[PDB]
Student: 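Quick one: structure below, then a few questions.
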Amino acid sequence: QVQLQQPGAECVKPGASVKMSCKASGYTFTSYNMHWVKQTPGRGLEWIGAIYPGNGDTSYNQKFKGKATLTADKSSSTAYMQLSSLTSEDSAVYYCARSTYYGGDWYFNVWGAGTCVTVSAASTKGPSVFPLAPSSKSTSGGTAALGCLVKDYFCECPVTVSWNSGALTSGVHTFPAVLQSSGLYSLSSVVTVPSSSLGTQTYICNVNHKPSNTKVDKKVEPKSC
Amino acid sequence: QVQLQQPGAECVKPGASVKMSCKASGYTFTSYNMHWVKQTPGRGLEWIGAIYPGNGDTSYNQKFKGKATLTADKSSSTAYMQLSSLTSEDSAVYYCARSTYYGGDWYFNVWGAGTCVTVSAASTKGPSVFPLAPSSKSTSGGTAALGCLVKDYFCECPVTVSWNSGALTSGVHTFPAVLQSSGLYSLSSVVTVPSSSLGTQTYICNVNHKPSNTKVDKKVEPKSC
Amino acid sequence: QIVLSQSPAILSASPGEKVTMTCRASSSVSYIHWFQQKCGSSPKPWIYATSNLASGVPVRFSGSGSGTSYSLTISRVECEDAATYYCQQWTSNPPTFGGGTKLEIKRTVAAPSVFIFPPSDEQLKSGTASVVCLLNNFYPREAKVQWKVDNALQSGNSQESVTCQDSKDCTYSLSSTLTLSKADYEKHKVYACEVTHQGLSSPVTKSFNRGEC
Amino acid sequence: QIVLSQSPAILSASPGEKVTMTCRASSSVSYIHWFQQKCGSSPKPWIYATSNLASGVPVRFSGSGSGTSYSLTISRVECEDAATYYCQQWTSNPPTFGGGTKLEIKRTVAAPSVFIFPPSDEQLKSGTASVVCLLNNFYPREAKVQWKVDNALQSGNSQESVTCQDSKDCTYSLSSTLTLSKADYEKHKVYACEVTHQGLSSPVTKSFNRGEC
Amino acid sequence: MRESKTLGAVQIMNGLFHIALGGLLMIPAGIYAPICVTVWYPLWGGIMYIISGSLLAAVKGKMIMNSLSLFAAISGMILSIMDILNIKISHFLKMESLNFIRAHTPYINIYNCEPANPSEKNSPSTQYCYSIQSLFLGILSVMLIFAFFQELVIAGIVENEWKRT
Amino acid sequence: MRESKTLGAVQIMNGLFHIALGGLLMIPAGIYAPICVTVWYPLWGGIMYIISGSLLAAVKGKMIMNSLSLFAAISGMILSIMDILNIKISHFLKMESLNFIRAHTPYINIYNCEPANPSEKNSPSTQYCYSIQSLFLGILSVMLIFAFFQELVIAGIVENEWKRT
C-alpha cells in the first residue's frame with residue numbers, strides 16, 4: 001500500500017550534480033512531510049532535510065543547507081533531492097522517508113529502499129557474469145552449491161542479483177562486493193539446492209547493473225563442466 | 001476498516017447518570033486521541049473533551065468539566081463517557097470522534113454514529129407497529145406505496161426502521177417522529193414499489209427500539225385489506 | 001474559545017449554480033475545517049486544513065481563506081450537496097464549530113404522488129384509528145394537506161411530518177396522520193385528504209370508503 | 001542538535017538470553033524512537049514514542065526510559081533479532097540518530113559446508129581464472145581459508161568475503177576467490193582450499209584437478 | 001522629605017523601567033494582551049514618573065504633577081494585580097491586544113495552554129505555551145512590585161504636599 | 001560629580017532592575033540559557049550596583065568598590081552583547097542553563113525554532129518558540145541598555161576617582 005520508490009543506484013562524477021527521485025504511492029502525497037536521510041558507515045544516519053509538498057516549504061540540516069535542494073512535484077507525486085558540487089564525502093545511501101505524527105511524536109513510519117550514490121572519476125564498467133557451475137566438486141551431503149561470479153564491475157553500488165527472476169530465495173547467499181587490486185569490484189552469489197534437482201531444474205541467475213544498464217542472465221548447470 | 005461503534009440510544013432519568021461506550025476498531029486504539037462532541041439543535045456542535053488512551057490523560061471543555069468523565073479501556077479498545085447529574089439540557093446526540101494530525105492540523109477524520117440521549121421522568125413505552133397495507137387506494141401511476149406506522153413509543157430517540165432487513169433501500173422514506181398530544185412519539189416509514197411486485201414479493205418492515213429492546217417485524221401486503 | 005460565525009444561515013441555489021459560504025472567526029485561526037452533515041448522519045469530514053478535500057469529496061468543492069475569514073465554495077451545485085456545512089477550528093482550546101450553513105437546492109417543481117391509507121384492523125382492535133395521507137416526491141416544501149370526513153372539514157386532530165430533501169432527487173415527502181377514536185372512525189364513512197401544491201393544476205383528493213378492501 | 005549515545009556499540013547474546021541496549025541523549029528529549037536495520041535493508045521503524053511497538057514488531061521487544069536515558073530490551077533474543085538498532089529523537093531540529101547497537105547472536109557452533117568451483121571456460125576465454133571456495137552456514141565467524149596449488153602455499157592473491165549473520169539461522173557464509181592469470185592457471189594442475197574452523201575436528205580440504213569435468 | 005533629589009532619581013528610574021517592561025511586554029505574544037498593555041499603562045505611567053522628576057528642579061503645577069503621578073502608581077498597581085489574576089485564576093477581561101502586534105502572533109494564545117489533545121500534554125508545543133505564560137506572569141509581577149515602589153515614594157511626598165497646602 | 005546623591009540612587013535602581021530582569025530571565029525557558037544567566041551576572045552584578053550605593057554615605061574601600069562596579073558594568077555589557085549574537089546569528093556558547101530550571105522545561109529550546117517538519121512552519125507550536133526567542137532578545141537588549149547606563153554613571157565617578165588619587 002503505502003510505498004516510496006527510489007532509483008536504486010546513481011554513479012556520478014566529482015563536481016557534478018545528481019537529482020534523485022522518490023515516487024510516493026498509496027497515500028495523499030501532499031498531506032505529509034517527505035524527509036531525506038543520509039547514511040554512511042563512518043557517520044551513521046544524518047537527516048538532510050524535508051519538504052512539505054502541500055505548499056512547498058523546505059527545511060534543511062545546517063550542514064547540508066547548500067548541498068541539498070529539495071523539490072516536489074504534486075502531479076507525478078514525486079519528491080526530488082538535488083545534490084550540488086559532489087565530492088567523495090557525498091558517496092552514501094540516501095533514503096527518502098515519510099514522517100507522520102503518531103503516538104504523540106513525529107515518526108518515520110515508511111522508508112524508501114534507498115539510492116546508492118558514489119562519486120568517482122573513473123568510468124562505470126559493466127559486470128562480467130560467470131557461472132559457478134555445480135559438480136561433485138561442489139556436491140556435499142546430497143546438497144550441491146551453484147552460483148554466479150559477477151566480476152569486474154565498477155561503481156561500488158552493488159549489482160543486484162536474483163535467482164529464477166526472484167522465484168528462488170531460500171539458500172541464496174549474495175556476498176559483499178570486494179574491491180580488487182584492479183580497482184574494479186567483484187561480487188558472487190551462490191545458492192544451495194538438492195543435488196537431484198540439478199537435472200530437471202534449470203537455475204538462472206539474473207544480474208542487473210543500472211549504472212551501466214547491464215541486465216544479464218546466465219544459465220548455471222553441470223551440463224557444462 | 002477504521003470504525004467507531006456506539007450504542008444507538010440511551011433513555012435515562014433526571015439526576016441519574018449514563019455511561020456510553022465507543023468501540024474502536026481497525027486502528028491502534030492507544031495511538032490516537034478520542035474526542036467526544038455534543039450536538040443539540042439549539043446549540044450546534046459542542047466539543048466535550050478528549051482522552052488519550054495511551055497513558056490515560058484527559059482534557060475537558062470548561063463548561064463540561066464536571067458533567068463528563070472520560071475513561072478508556074485498553075483491552076476491549078473502548079472509550080467511555082460518564083455524564084453525571086443528568087438534566088433536560090443533557091438530552092443530545094453524543095459523538096465520539098478520533099482526531100488525527102494530518103495536513104498540518106488536527107482532524108476529526110472518523111466519527112461514531114452517535115448516541116441519542118434523552119433525559120425524561122416518564123417510562124419508556126415500546127412502539128406499536130401497524131401495517132400501512134397497500135391497495136388501489138395507495139396505487140398511482142403503476143407504482144404503489146406501502147409502509148409501517150410505528151405508533152406510541154416513548155423516549156424521543158428514534159425507532160430505527162429498515163425494510164427487508166436492509167435489502168430494500170430505494171424509495172424508502174422514514175419520516176421524523178411527531179410528538180403526539182398523548183405525549184408519546186409516533187413515526188411512520190413508507191416505500192414505493194412497482195405495483196406488480198406486490199403479488200410475488202413480500203415486504204417486511206423491521207422496527208427496533210433498543211430503549212425497550214422492542215424488536216418487531218410486520219408483513220405488509222394487500223393480502224390483508 | 002473562539003466563536004465561528006457562518007453566513008448565510010440558510011442558502012439556496014438552483015442545480016448548477018455557484019455558491020460560496022463563509023466562516024468568520026472571532027480572532028484569527030491557523031486553519032478552518034469543514035464538515036458536511038446530512039439528516040440522521042454523523043458529521044462527515046469534508047475539507048481539512050482550509051483547502052484539502054477529504055477522501056471522496058468531489059473536486060466540485062473547494063475551500064479557501066486565511067486569518068479570520070474563510071469560505072467554502074461549490075463550482076456547480078448538485079442534489080447530493082444539499083446538507084448542513086459546519087466550519088471548525090483547532091487553533092484554541094476548546095475546538096469550536098460554526099452554526100452551520102444549510103444548503104437546499106432549488107430544483108424544478110414536482111407534483112406530489114398522493115396516497116391514502118385506511119386504519120388497519122390491528123389498530124382498531126386497540127380502539128384507535130390513524131388515517132395516513134402520503135405525499136411522495138414533491139417540490140417545493142409548501143404543500144398543504146386538508147383532511148375531509150364525509151366532506152366535513154377536519155382541523156387540529158392531524159399532524160404533518162416531512163422528510164429532509166432527498167439527496168438523490170432534491171424532493172420531499174410528507175405524511176399527514178389523522179387520528180380518531182374507534183367510535184369516531186366508525187361513525188363516518190368517507191375519509192379523504194385533499195392536497196394543494198404548485199405542481200397540481202387543481203387540488204387533488206384521494207379517498208376511501210370505510211369497509212371496502 | 002542533540003547527540004544520541006548508544007551502549008554497547010556491539011552486543012552479543014545466546015538465543016533466549018535477555019538483553020538491554022541504552023540510548024543516552026546529550027539533552028533531555030520527549031521520546032526516543034528505535035529503528036531496526038538489517039544488512040542491505042532500509043531502516044525499519046521498530047519502536048515509536050519510547051514504548052510503542054511498530055506494526056508487526058514482536059511483543060518480544062519493549063522500550064522504556066525518560067529524560068536523557070532510554071533503553072530497548074528484548075526478553076528472549078532470537079536469530080531474527082540480529083540487526084543494528086538505532087535510537088532517534090525529534091525533540092530538536094535537526095533530528096538525529098544514535099550510533100547504533102549491533103546485536104549478534106551466540107548460536108551453537110556449526111561447521112562450514114565447503115565447496116570449490118573451478119574457473120569457467122567463459123572466463124578463461126578472457127584470459128583470467130578465478131577459483132572460488134565457498135564455506136556455507138558456519139558459526140562462529142572465525143573461519144580461515146588457506147589456498148594450496150600443487151600443495152604450494154598461496155598468499156596475497158586471494159580475497160575473502162563473508163555475509164552478514166543469517167536472520168533465519170544465525171550462521172555465516174564466506175567465499176574465498178583465488179585469482180590467477182590464464183598462463184598461471186594452466187601451469188599447475190591441483191587446486192585446493194583448506195578450511196580450519198571450530199566445527200571441524202581437523203582441517204577439511206576440497207580440491208579439483210584442472211581438466212576433469 | 002529632604003532627600004527629594006535622591007527620590008526624584010528613583011521616580012525617573014521607575015519610569016524608565018516601566019517603559020522598558022512595557023516594550024518587552026508589547027513583544028508579540030498572541031491574541032490577548034495584558035490589560036496593562038492595552039491601557040498603555042507602562043508608556044503613559046512611565047513618562048508620568050519621568051515628569052514627576054520635575055521635583056529635581058527644586059508651584060501649583062507640581063502639586064498637580066505629584067498628585068497625578070500618585071493616581072498612575074495606584075492605577076498601575078491595580079492593573080498589574082488584575083492581570084496576574086487574569087493569567088492565573090480566570091481570563092476575565094479579554095483585552096484584544098493590538099493588531100500590529102497580533103500580526104506576528106495571529107494564531108496563538110497564552111491565557112489557555114491545556115491542549116485539546118491530551119497526548120500533547122507532553123509535547124514541546126505545550127511547554128512553549130506555559131513558558132510564555134510564566135514569562136508574562138513574571139513581567140507583570142516585576143512591574144507590580146515597581147508600581148508598588150512608586151506608591152511608597154509618592155506617598156512620602158504627597159503626604160507632605162497637602163499638609164503643606 | 002556633586003550630584004553623587006542623585007547618582008547613587010541611579011546605581012541602586014540599576015541594581016534592582018538587573019536583579020528583576022535576572023529573575024525574569026531565569027524563568028524556565030529550555031535546555032540552553034543566556035550566558036548572563038549562567039554567569040549569574042544580574043545577581044552578582046546587580047547587588048554590586050547596590051553596593052556602590054555605599055557612596056550615598058558621603059576610604060580606599062570605596063575606590064575599590066567603584067572600580068569593582070565598573071568591571072561589572074563593562075562585563076555585563078559585553079555579556080549581553082554576546083547573548084544577543086548568541087540568539088540571532090549563531091548559538092556559539094551553549095550555556096547548559098541550570099538543572100533546577102531545566103526541570104520545568106526539559107524537552108525544549110529557543111536557540112532554534114525552525115521546525116524539522118516544514119508543515120509546522122504555520123503551526124502555533126512554531127509561533128510559541130519564536131515568541132520566547134523574541135522575549136529573550138527583548139530582555140537581553142533591555143538588560144544591555146541598562147548595563148550601558150551603569151558604564152556612563154560609573155565613568156562619571158571613577159574618571160574623578162583616580163584623578164583625585
Side-chain angles (χ1 to χ4, degrees), chain A residues 2 4 24-35 50-59 70 72-75 77 79 97-110, chain B residues 2 27 31-33 35 97-111, chain C residues 4 23 25 28-36 43-59 61-67 70-73 85-92 95-97, chain D residues 90, chain E residues 106-107 115-117 119-120 123 125, chain F residues 115-127:
Chain A
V2 187
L4 305 182
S25 61
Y27 77 94
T28 315
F29 174 62
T30 50
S31 306
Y32 297 89
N33 301 284
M34 189 69 76
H35 297 252
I51 185 159
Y52 184 49
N55 51 13
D57 294 348
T58 57
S59 60
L70 273 58
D73 172 24
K74 293 168 167 56
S75 72
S77 167
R98 189 283 302 268
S99 74
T100 190
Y101 193 81
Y102 185 73
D105 200 6
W106 291 99
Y107 175 40
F108 297 121
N109 79 324
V110 62
Chain B
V2 187
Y27 76 95
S31 294
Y32 296 89
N33 303 282
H35 296 253
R98 189 283 302 268
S99 73
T100 190
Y101 194 78
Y102 184 73
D105 201 6
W106 292 99
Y107 178 36
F108 297 121
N109 79 324
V110 62
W111 291 69
Chain C
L4 299 183
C23 180
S28 163
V29 298
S30 307
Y31 310 90
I32 277 294
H33 305 257
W34 296 83
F35 295 85
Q36 184 198 77
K44 304 176 193 167
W46 208 251
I47 301 187
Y48 64 98
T50 302
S51 297
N52 307 332
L53 306 188
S55 303
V57 172
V59 76
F61 288 85
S62 69
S64 68
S66 63
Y70 291 90
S71 71
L72 173 152
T73 187
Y85 296 87
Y86 304 92
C87 62
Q88 190 275 333
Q89 66 82 33
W90 283 104
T91 297
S92 67
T96 54
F97 297 78
Chain D
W90 282 100
Chain E
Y107 308 150
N117 308 80
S119 57
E120 307 317 295
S123 182
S125 185
Chain F
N117 308 80
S119 57
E120 307 317 296
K121 288 183 191 286
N122 311 278
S123 182
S125 185
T126 297
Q127 295 187 13

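Residue numbers begin at 1 in each chain, while the letters A, B, ... track the order of the sequences. These numbers come from the heavy atoms of this one structure, side chains and all, not from hydrogens, waters or symmetry mates.
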Student: Who are the ring pair (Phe, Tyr, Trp, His ring centres under 6.0 Å) partners of B/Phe108, not counting sequence neighbours?
Tutor: B/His35, B/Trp111, C/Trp90

Student: State, to 0.1 Å, how close C/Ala54 and B/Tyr107 come at their nearest heavy-atom pair, and which atoms those are.
Tutor: CB-OH, 3.4 Å

Student: Working note: A/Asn109 + A/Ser99, criterion side-chain hydrogen bond (donor to acceptor under 3.5 Å, both in side chains); need CA distance, chi angles, decisive distance, verdict.
Tutor: CA-CA 6 Å; A/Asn109 79 324; A/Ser99 74; over 6 Å; no

Student: Roughly how far, to the nearest 0.5 Å, is the CG atom of C/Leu72 from the CG atom of C/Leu53?
Tutor: 9.0 Å

Student: As a quick check of understanding, evaluate side chain to side chain contact (heavy atoms under 4.5 Å, CB included) for F/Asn117 and A/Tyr52, giving each step before the final call.
Tutor: CA-CA 7 Å; F/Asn117 308 80; A/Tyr52 184 49; over 6 Å; no

Student: Which residues satisfy the side chain to side chain donor-acceptor pair (under 3.5 Å) test with A/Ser59, sequence neighbours excluded?
Tutor: none

Student: Nearest 0.5 angstrom please: B/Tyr101 OH to A/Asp105 CG, how far?
Tutor: 12.0 Å

Student: Partners of C/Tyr70 by ring pair (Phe, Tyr, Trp, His ring centres under 6.0 Å), sequence neighbours excluded?
Tutor: none

Student: Minimum heavy-atom separation for C/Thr50 and C/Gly65, please, with both atom names.
Tutor: CG2-O, 3.7 Å

Student: Restricting to side-chain contact (heavy atoms from CB on, under 4.5 Å), what partner residues turn up for A/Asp57, sequence neighbours left out?
Tutor: A/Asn55, F/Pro118, F/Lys121, F/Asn122

Student: Which value, rounded to the nearest 0.5 Å, describes the distance between E/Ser125 atom OG and E/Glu120 atom CD?
Tutor: 7.5 Å

Student: Could you tell me which non-hydrogen atom of C/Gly63 sits nearest to which non-hydrogen atom of C/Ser51, and how far apart they are?
Tutor: O-OG, 2.8 Å

Student: Partners of C/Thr96 by side chain to side chain donor-acceptor pair (under 3.5 Å), sequence neighbours excluded?
Tutor: C/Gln89

Student: State which residues pass side chain to side chain donor-acceptor pair (under 3.5 Å) with A/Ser75; sequence neighbours excluded, sorted by chain then number.
Tutor: A/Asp73

Student: Test of understanding: with side-chain contact (heavy atoms from CB on, under 4.5 Å), list the residues that count as partners of A/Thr28, not counting sequence neighbours.
Tutor: A/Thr30, A/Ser31, B/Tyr102, C/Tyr48

Student: With rounding to the nearest 0.5 Å, note down the distance linking OH in C/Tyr85 to CZ in C/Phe35.
Tutor: 13.5 Å

Student: Holding to side-chain contact (heavy atoms from CB on, under 4.5 Å), I want the full list of residues that pass it with A/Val110, two or more places apart in sequence or in another chain.
Tutor: A/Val2, A/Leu4, A/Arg98

Student: Going through the distances and angles, do A/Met34 and A/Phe29 end up as a side chain to side chain contact (heavy atoms under 4.5 Å, CB included)?
Tutor: CA-CA 9 Å; A/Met34 189 69 76; A/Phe29 174 62; 3.8 Å; yes

Student: For E/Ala116 versus C/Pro95, what's the shortest heavy-atom pair and its separation?
Tutor: CB-CD, 3.6 Å

Student: Which residues pass the ring pair (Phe, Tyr, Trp, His ring centres under 6.0 Å) test with C/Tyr31, not counting sequence neighbours?
Tutor: none

Student: Using ring pair (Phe, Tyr, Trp, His ring centres under 6.0 Å) as the criterion, list what pairs up with C/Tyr86, not counting sequence neighbours.
Tutor: none

Student: Report the distance from atom OG1 of F/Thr126 to atom OH of E/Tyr107, rounding to the nearest 0.5 Å.
Tutor: 12.5 Å

Student: Listed by chain and number, what are the side-chain contact (heavy atoms from CB on, under 4.5 Å) partners of C/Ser62, not counting sequence neighbours?
Tutor: C/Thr73

Student: With sequence neighbours excluded, tell me which residues meet side chain to side chain donor-acceptor pair (under 3.5 Å) with A/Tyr32.
Tutor: none

Student: Say you draw a straight line from CD1 of C/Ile47 to CG of C/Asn52; how long is it, rounded to the nearest 0.5 Å?
Tutor: 8.5 Å

Student: Does some side-chain heavy atom of C/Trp34 sit less than 4.5 Å from a side-chain heavy atom of C/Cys23?
Tutor: yes

Student: Assess the side chains of A/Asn33 and F/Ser119: does a donor N or O sit below 3.5 Å from an acceptor N or O?
Tutor: yes

Student: Closest heavy-atom contact between C/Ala25 and C/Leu4?
Tutor: CB-CD2, 3.6 Å

